[PDB]
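# Summary of structural features
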2 protein chains.
Amino acid sequence: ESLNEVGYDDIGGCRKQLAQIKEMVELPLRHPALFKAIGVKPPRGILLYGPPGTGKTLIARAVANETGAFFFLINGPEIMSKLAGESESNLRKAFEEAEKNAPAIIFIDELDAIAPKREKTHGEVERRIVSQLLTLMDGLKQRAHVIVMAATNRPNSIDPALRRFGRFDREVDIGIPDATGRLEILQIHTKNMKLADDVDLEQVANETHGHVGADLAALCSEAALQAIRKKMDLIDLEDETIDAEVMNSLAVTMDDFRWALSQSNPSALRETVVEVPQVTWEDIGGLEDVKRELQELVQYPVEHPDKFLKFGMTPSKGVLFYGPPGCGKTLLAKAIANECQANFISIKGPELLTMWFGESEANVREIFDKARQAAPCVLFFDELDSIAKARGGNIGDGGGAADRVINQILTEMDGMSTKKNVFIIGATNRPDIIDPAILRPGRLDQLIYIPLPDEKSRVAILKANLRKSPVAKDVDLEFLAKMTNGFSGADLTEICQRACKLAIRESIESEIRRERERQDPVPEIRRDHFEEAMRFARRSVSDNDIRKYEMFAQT
Amino acid sequence: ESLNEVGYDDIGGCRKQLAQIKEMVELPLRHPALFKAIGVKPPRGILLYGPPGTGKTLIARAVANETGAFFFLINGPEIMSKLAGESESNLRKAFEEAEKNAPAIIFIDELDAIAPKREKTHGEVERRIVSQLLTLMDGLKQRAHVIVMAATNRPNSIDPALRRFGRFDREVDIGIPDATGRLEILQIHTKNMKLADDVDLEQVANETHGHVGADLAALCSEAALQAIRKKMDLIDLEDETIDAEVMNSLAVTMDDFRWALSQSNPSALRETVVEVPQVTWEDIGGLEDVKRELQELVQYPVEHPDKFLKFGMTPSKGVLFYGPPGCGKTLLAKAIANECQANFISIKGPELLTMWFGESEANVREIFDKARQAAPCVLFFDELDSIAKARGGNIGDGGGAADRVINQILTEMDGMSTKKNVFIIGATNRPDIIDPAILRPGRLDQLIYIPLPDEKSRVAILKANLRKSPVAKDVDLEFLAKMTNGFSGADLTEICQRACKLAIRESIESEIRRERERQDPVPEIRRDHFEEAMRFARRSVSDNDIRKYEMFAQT
Ligand SMILES: C[C@@H]1CN(C(=O)Cn2ncc(-c3cc(F)c(OCc4nnc(SC5CCCCC5)n4-c4cccnc4)cc3F)n2)C[C@H](C)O1
Ligand SMILES: C[C@@H]1CN(C(=O)Cn2ncc(-c3cc(F)c(OCc4nnc(SC5CCCCC5)n4-c4cccnc4)cc3F)n2)C[C@H](C)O1
Ligand SMILES: Nc1ncnc2c1ncn2[C@@H]1O[C@H](COP(=O)(O)OP(=O)(O)O)[C@@H](O)[C@H]1O
Ligand SMILES: Nc1ncnc2c1ncn2[C@@H]1O[C@H](COP(=O)(O)OP(=O)(O)O)[C@@H](O)[C@H]1O
Ligand SMILES: Nc1ncnc2c1ncn2[C@@H]1O[C@H](COP(=O)(O)OP(=O)(O)O)[C@@H](O)[C@H]1O
Ligand SMILES: Nc1ncnc2c1ncn2[C@@H]1O[C@H](COP(=O)(O)OP(=O)(O)O)[C@@H](O)[C@H]1O
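For this deposited structure, the header cites cryo-EM as the method used and 3.60 Å as the resolution.

Chain A is annotated in the PDB entry as Transitional endoplasmic reticulum ATPase from Homo sapiens. The record in UniProt for chain A states the following under Catalytic activity: "ATP + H2O = ADP + phosphate + H(+)". Check the Sequence similarities section of the UniProt entry for chain A; it says "Belongs to the AAA ATPase family."

### Describing the overall build of chain A
Each helix and strand in chain A was counted, giving 26 helices and six strands. Along the longest, intermediate and shortest principal axes, the C-alpha atoms of chain A span 80 × 75 × 45 Å. Put simply, chain A has 555 residues, and 51% of those count as buried. As presented, chain A carries roughly 25800 Å² of accessible surface, and 52% of it is formed by carbon and sulfur atoms. Taking the average place of the 73 positive charges on the side chains of chain A and the average place of its 88 negative ones, the gap between the two points comes to 5 Å.

### What to know about the site of ligand 4
Residue and element names in this part refer to chain A. Surrounding ligand 4, one finds 13 residues, the nearest of these being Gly285, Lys329, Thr330, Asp382 and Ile461. Residue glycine 285 places a main-chain N or O atom 3.2 Å away from a nitrogen atom belonging to ligand 4. Contact distances for ligand 4 include 2.5 Å between an oxygen atom and a side-chain N or O atom of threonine 330. Taken together, the elements giving at least two residues each to the shell around ligand 4 come down to α17 (329–339) and α24 (490–518).

### Brief notes about the site of ligand 2
Residues and elements named next belong to chain B. The immediate surroundings of ligand 2 are formed by 14 residues, with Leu297, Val298, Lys317, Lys420 and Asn421 found nearest. Within the side chain of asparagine 421, a nitrogen or oxygen atom sits 2.9 Å from a nitrogen atom of ligand 2. Contact with the protein chains covers 69% of the free accessible surface of ligand 2, which is 910 Å². Every element with two or more residues in the shell around ligand 2 is listed here: α15 (300–303), α16 (305–310) and β4 (377–378). Here the shell around ligand 2 is composed, by residue class, of 11 nonpolar, one polar and two charged.

### Considerations on the UniProt feature "binding site: ATP 1" in chain A
All names here are of chain A. Cross-referencing UniProt, the feature "binding site: ATP 1" maps to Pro52, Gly53, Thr54, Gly55, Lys56, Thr57, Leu58, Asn153 and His189 in the present numbering. Spanning 138 residues, the named residues are also spread out in space, since their farthest C-alpha pair is 22.9 Å apart. Relative to the elements of secondary structure, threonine 57 occurs in helix α3 (residues 56–65). Of the residues examined, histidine 189 reaches a relative accessible area of 31% and is grouped as partly exposed.

### Some points on the packing of aromatic side chains
Residues and elements named next belong to chain A. Summed over the entire model, instances satisfying the criterion amount to 14 aromatic pairs over all chains. Seen from their ring centres, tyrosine 322 and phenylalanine 552 are 5.6 Å apart, and the 70° between their planes marks the pair as edge-to-face. Residue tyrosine 322 is classed as buried on the basis of its relative accessible area of 4%. Look at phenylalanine 552 and you get buried, because its relative accessible area is 8%. Put simply, the rings of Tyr322, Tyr449 and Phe552 pair up and form one aromatic cluster. One cation-aromatic arrangement involves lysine 22 over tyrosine 8; the distance from NZ or CZ to the ring centre is 5.0 Å.

### Quick look at helix α21 (residues 406–416) of chain A
Across the 11 residues of α21 of chain A, nine count as buried, placing the element largely inside the fold. Those residues of α21 of chain A that sit buried are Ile406, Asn407, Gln408, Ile409, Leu410, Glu412, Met413, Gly415 and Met416 of chain A.

### Notes on the interface of chain A and chain B
Contacts between the two partners involve 64 residues from chain A and, on the opposite side, 68 residues from chain B. Summing the contributions of chain A and of chain B, the shared interface buries around 6200 Å²; its carbon and sulfur component is 57%. Three residues stand out in chain A for area buried against chain B, namely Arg128, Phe165 and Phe311 of chain A, and they jointly supply 12% of the buried area on that side. If you look at where chain A meets chain B, you find seven salt bridges. The residue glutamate 296 of chain A makes a salt bridge to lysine 501 of chain B at a minimum N-O spacing of 3.5 Å. Seen at the junction of chain A and chain B, the total is 15 residue pairs in polar contact. Where the side of chain A that touches chain B is concerned, the elements lending two or more residues are α7 (125–139), α14 (288–293), α16 (305–310) and α21 of chain A. Looking at the side of chain A that touches chain B, the element that brings in the most residues is α7 of chain A, giving six residues.

### Structural notes on the pattern of salt bridges
Following the criterion strictly, the structure yields 47 salt bridges over all chains and no others. Across the salt bridge formed by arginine 30 of chain A and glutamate 26 of chain A, the nearest N and O atoms sit 2.2 Å from each other. Assessed through its relative accessible area of 35%, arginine 30 of chain A is described here as partly exposed. In this structure, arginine 128 of chain B engages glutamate 124 of chain B in a salt bridge whose closest nitrogen and oxygen atoms are separated by 3.6 Å. Residue class for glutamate 124 of chain B comes out partly exposed when judged on its relative accessible area of 38%. The network of salt bridges with common partners includes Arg118, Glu124, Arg127 and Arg128 of chain A together with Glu126 of chain B.

Rules of the game
- Along each chain, numbering proceeds from 1 in written sequence order. Entry numbering may differ, and residues lacking coordinates are not shown.
- Here chains are named by letter from A upward and ligands by number from 1 upward, in the order in which they appear as written.
- The displayed chains are a subset of a larger assembly; all values refer to this subset.
- To get the side-chain values, all heavy atoms of the structure are used, and hydrogens and water are removed first.
- UniProt positions are given in the numbering used here, feature names are shortened, and annotations may be inferred rather than shown by experiment.
- Comment: elements are numbered from the N terminus, with helices defined as DSSP H or I runs of at least four residues and strands as E runs of at least two.
- Burial status follows relative accessibility: with a 1.4 Å probe on protein chains alone, a residue under 20% of its type maximum counts as buried, one over 50% as exposed, and anything between as partly exposed.
- Surface accessibility follows the Shrake-Rupley procedure with a 1.4 Å probe radius. Residue values consider only the protein chains on display as shielding.
- Note that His is not counted, nor are the chain ends; the positive residues are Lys and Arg, and the negative ones are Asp and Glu.
- To locate a charge, take atom NZ for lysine, CZ for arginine, CG for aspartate or CD for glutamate.
- For each residue, the test is whether any non-hydrogen atom lies within 4 Å of the molecule or strand; if one does, the residue is near.
- As used in this structure description, the phrase polar contact means that two N or O atoms lie within 3.5 Å; if the pair is within protein, one of them must be able to donate a hydrogen and the other to accept it, and residues adjacent in sequence are counted only when both atoms belong to side chains.
- Under this grouping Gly is polar, as are all residues other than the nonpolar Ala, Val, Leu, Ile, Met, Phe, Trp, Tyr, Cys and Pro and the charged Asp, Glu, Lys and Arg.
- Pairs were defined over the aromatic rings of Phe, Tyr and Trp, the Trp ring being its six-membered one, requiring ring centres within 6.5 Å. Orientation was assigned from the angle between planes: stacked under 30 degrees, edge-to-face over 60, tilted for the rest.
- Cation placement over rings: the criterion is NZ of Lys or CZ of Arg within 6 Å of the ring centroid and within 35° of the ring normal.
- Contacts between residues were defined by any pair of non-hydrogen atoms, one from each residue, lying within 4.5 Å.
- Two parts placed together each lose some accessible area under a 1.4 Å probe, and adding up what both lose gives the buried area.
- Salt bridge criterion: a side-chain nitrogen from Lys or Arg within 4 Å of a carboxyl oxygen from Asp or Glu.

If you want it as structure tokens, here you go:
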């Protein structure tokens, strides 16, 4: 029991949301004698939600065991899997036992089974359970201490009748650990194990992009199992290989981790992921003027709210970055979030276009909701033009300047204009085609013209992109940028990448030669590799698009 | 019990509808001895409806406890959650007990559960309950006093068989508290609590736009809990921190309220909200001629109905404001409602276009119904052009001058021509593209040409928009407007906003400088800021659109 027990230390990598859950159900359970009636009624509707496997059960077990309670697990498909007439009996038994003990936490796991969407529970026998749960929750009002948590996979699957007020109304999120938190999950899941040095858990966490909770645990599991396999030749003692002699002389190495990290851990979950971006303004060369104009709207108004009130001005929410493709718009919108700690819930052009092509416009209403429950966040809708481009060309050419997605967005953004925590960044590459209504007061107002990087900006961005990689001495990333006068951002980066390719070849080539001669030559990128890469370099976004975007500078 | 009891004072912020409910079920319950047969049969079908959480249960408890009765709560999903054969037994038991006592109110909460739409209750066992309820209601006819209220989330979810006459036929609304009523809800929910001064509940209510009832209660709850948290360092006495010494020295501050107001109260409900607008004709500079022509049709005909009868003229319902984009059309239609107390149920262009793109034309029939139950109201359909614009350009270009939304509107408006309380204001920005049938007698008739603000109008509107904000002395908003001769409304406002931005920077900049020098400079907007803002100012709606709209002046 104690070997795999739970606590506030076992749960790791998700502290922002664990803080909310704790502070919700730790003060009214550790110090409930004040009863909260001196203040307000305590929470009674916690509805932890997240993708299958994120620590939802572990979080509840930690918040229960740590703050002494009477955790009574009511695993979802076990009250609905006990014939007819016994589901209600078991629910009432569990809740009456919970209230019998003064402190209590009732963790209804997989609430989608007990309480699905009401239009999907055709069977009436499965509907009596939902209604009984609703009435029992209503009866929990003013009952001693019956704080009840739920473990729905997604909050939209639960019956809305449960998600009202008095019932579940404290919907907290438990998102996918983006980075630097999944490393913590791996640390807690590996402290009992033996890491055989060279185990850069930081790199393992950085590589995993989508793995949630038990998936990272299974990654570590397969790493340990691969360590065992590599000794299988030494463990091949059919009788008694189980002896500790061939066991304790084992520990996971970097390659053992990698084998499962890349190949044998295909299981993963992909979706809109809230993430505190790692890129910083130091990583963005140039763009000083916009860097200043992007502080007047998201860092200064929040740092001095009183000044924006006495004078009187609704802060301009909804900057609409418009510039040549690949000019740091995404990098800028991630670095701003890095400055002011926030969640960069991005919605790229493919994700927006999938709803117009698939006619699934309702999903948009969830995106903003995901932003509503992840505040303070950013809503970098990238390539708003995509829907109109698919519809045709200039001025649509297949109808008007509207669509089935950016029209719903025009309503959700208006609704979110009340929320004073969520910025709505748009990054249309071609601005003369977006719906004009997304440029009106209240909605997206400010138009920051991310310019084509100027020569100084080219030098700065080339230096920034050549930071994590060796750059050598005579490379001279000063005149190298001067040869480029209209290159559009990424392309310059590509050049650098191309160099790091056109260079690495030589290295690895020499490497194989070092093998033939056996039967590192200037690792840093030399000017020869950069010249060879520039030999095939393209000025993406011809001057036509540059002057077209300048044509939108009139607005 | 008495601590959280209910009465006509506990319910607050919704008095217009509470008045109807009271007057319906207060005279036939407090003085029923006349039996109403001396007059007419009393109401027997109250069907309180509103978004989940608005005081629906509190309103019933107030109207029951205050006017002594026998409130017998029949919470929806508790008669349908008691096996088979006991639902009808419980309903009959409750109603027979209600009639046993002379006075009685039966508050069927969440009627959607007991009585859903008949096409969604596939299970027959859930259909016997609806039919039993219908028959029992029919038997309540001439029964002593069995006034029965319902708490459906939305009246369309209930079976129409219940909404007929003799059965539920007194469908009253309980809408989202718009403003100045939610402040009252907060006051009632905070009187027992301690507001630590500086708690501008007016501002808190003004900020919340969509919060309903229990959501504002939860806002206050989280404010109090945050006040407790801020003392957590002082409340950190694991043994006996519950002592009143560390409690009574607490009270909610402005920042504690704000933390939940902006960040930690994401829960909210958004929909078409009936609201008595706050903008007044004093806030609209210029537009005198239309201000007079907009009194001949909504204030004079209702102030002197007899004159419009003897002479003989159906008052022209359906003004169709047509002018350059952003020229006070919405402001005018809100100020008119502010003058004659009404409900400004607005339907913006995105909300109209969402039905054409989504092919959900039936929803229109609800909008007018929402207007029918919110009379006297206004129906400011903004940007009727939007649907045609999405369909193409001039004269449609993708077919005819019709559509799937403005065609249904052409029928609902004809049906509503009988209702002598609801004005139907249209605000198409481009008028040469709306369906011609919306310009015919009976339907929208009058065409008020909101003109491009003239120089005097520019001065007036600039002065009005610079009212809530400091304006200084030498700013001289007289020649400042003279430099603008074709600016279209909002743009001038934007200039002012731009100034209040281009000014505030300096202030906050000086502020941070005041910090560096430590290791307000002319707060009022100076002419320098206005000049800088005008340096980047655009004449929205070029003269082409002006002369195009003048081309529609021929009609
Ligand atoms: C009668 C009344 C009077 N009345 C007024 O007089 C006007 N008024 N009174 C108060 C404000 C106000 C509004 C804000 F929205 C705000 O922002 C705080 C904030 N917190 N976190 C972030 S995001 C942060 C940065 C990046 C994203 C992730 C983290 N922001 C932020 C900053 C800038 C823009 N958008 C959000 C602060 C404010 F003071 N306006 C109101 C009404 C018209 O009528
Ligand atoms: C044989 C018969 C003879 N016959 C007639 O001879 C003609 N006739 N007899 C009576 C009327 C009449 C009609 C009205 F519609 C009316 O309006 C009252 C009203 N109350 N509230 C508001 S809205 C108010 C303002 C803003 C919105 C929110 C609050 N209005 C209002 C005002 C102006 C326009 N629309 C509604 C008053 C009337 F007298 N016409 C009728 C028939 C053809 O055949
Ligand atoms: N955030 C986390 N921290 C530590 N362990 C986790 C986390 N998330 C998931 N796990 C691991 O995944 C397993 C199952 O957790 P989870 O799937 O969240 O609960 P449930 O299976 O009840 O949904 C546990 O054994 C736990 O060790
Ligand atoms: N300082 C910088 N300025 C501009 N671009 C940069 C900078 N640093 C890196 N980049 C590159 O610019 C690209 C930006 O692409 P992005 O603007 O997101 O494209 P899109 O706007 O089409 O989504 C990135 O792929 C990144 O590699
Ligand atoms: N108009 C209102 N005035 C005062 N309190 C309200 C109002 N609306 C909601 N509430 C609060 O919300 C809680 C639940 O009310 P409500 O949701 O309307 O009833 P029900 O939960 O039966 O639908 C109550 O405790 C009450 O204090
Ligand atoms: N007195 C006034 N006259 C004209 N416009 C004003 C006045 N006062 C404020 N405004 C501004 O004019 C705008 C009106 O926009 P609106 O006509 O609703 O646009 P649309 O017609 O496209 O819906 C508002 O945003 C408001 O800020």
